[PDB]
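Included below are structure tokens for two forms of one protein chain, each presented in isolation as structure 1 and structure 2.
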Structure 1
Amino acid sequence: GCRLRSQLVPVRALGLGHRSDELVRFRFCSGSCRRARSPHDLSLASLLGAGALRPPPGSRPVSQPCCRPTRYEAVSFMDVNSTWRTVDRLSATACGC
């Protein structure tokens, strides 16, 4: 089921040009929302399953909510110049379907 996941990661791999010798906890949301389908979602999933819709241009429609963050906190670290840095709203602190 959709829930908050928490791993350790290098700060360079965060994508903002920072560098640190400290790993940082990064939290994110993943898992199923299939128990949270709306009537529309059920009908869409039924139509797709029956092959009654032709695929649209680009990506397939999702037929259930996505597991997404609803709330965020900053990620902090000592950078290579041993200066404390904080980056707003980078890490999830709650998830929802």
Structure 2
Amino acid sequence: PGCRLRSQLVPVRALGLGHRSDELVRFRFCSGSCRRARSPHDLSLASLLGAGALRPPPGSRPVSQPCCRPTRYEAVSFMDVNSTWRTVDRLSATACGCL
């Protein structure tokens, strides 16, 4: 629920890597709320968004919290459809933070 390292088996083919594989790999990523050290700016941003006092900008809406993000990574390795071992560095998260 709060900001934490998460883990799931995913198809290598979903990773968007080009190399084709029939393997699943463990992939780790970061997600969750960063509602703790609540800043004056974020409190007011959240107030204004709640009061609807801000016209929405072009693009993404502003976030009123730090984002749950990875701080460190490890490689992901797998055998591709031709049975060649492949490795991609820094693809999988190993730690998270509120950034």
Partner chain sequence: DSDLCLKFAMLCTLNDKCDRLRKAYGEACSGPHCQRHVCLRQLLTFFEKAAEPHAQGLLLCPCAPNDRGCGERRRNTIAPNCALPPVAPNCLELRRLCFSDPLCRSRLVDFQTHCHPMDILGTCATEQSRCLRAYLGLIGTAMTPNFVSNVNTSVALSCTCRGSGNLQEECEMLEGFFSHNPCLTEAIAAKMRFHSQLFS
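Each residue is numbered by where it sits in the sequence of structure 1, with counting from 1. For the two forms, the rigid core is made up of the largest set of C-alpha atoms that agree within 1.5 Å on superposition.
Note on provenance: structure 2 matches the form solved in complex with the partner chain. The two forms, fitted on the rigid core, differ between structures 1 and 2 by less than 2 Å at the CA of residue 89. Core-superposed comparison between structures 1 and 2: the Cα of residue 25 travels less than 2 Å. Annotation: Cα of residue 79 displaced by at least 2 Å between structures 1 and 2, core superposition. Taking the core as the fixed frame between structures 1 and 2, we note the C-alpha of residue 56 moving 0.6 angstrom. In the rigid-core superposition between structures 1 and 2, residue position residue 36 carries a C-alpha shift of 3.6 Å. In this core superposition, residue 14 moves its Cα by 1.2 Å between structures 1 and 2.
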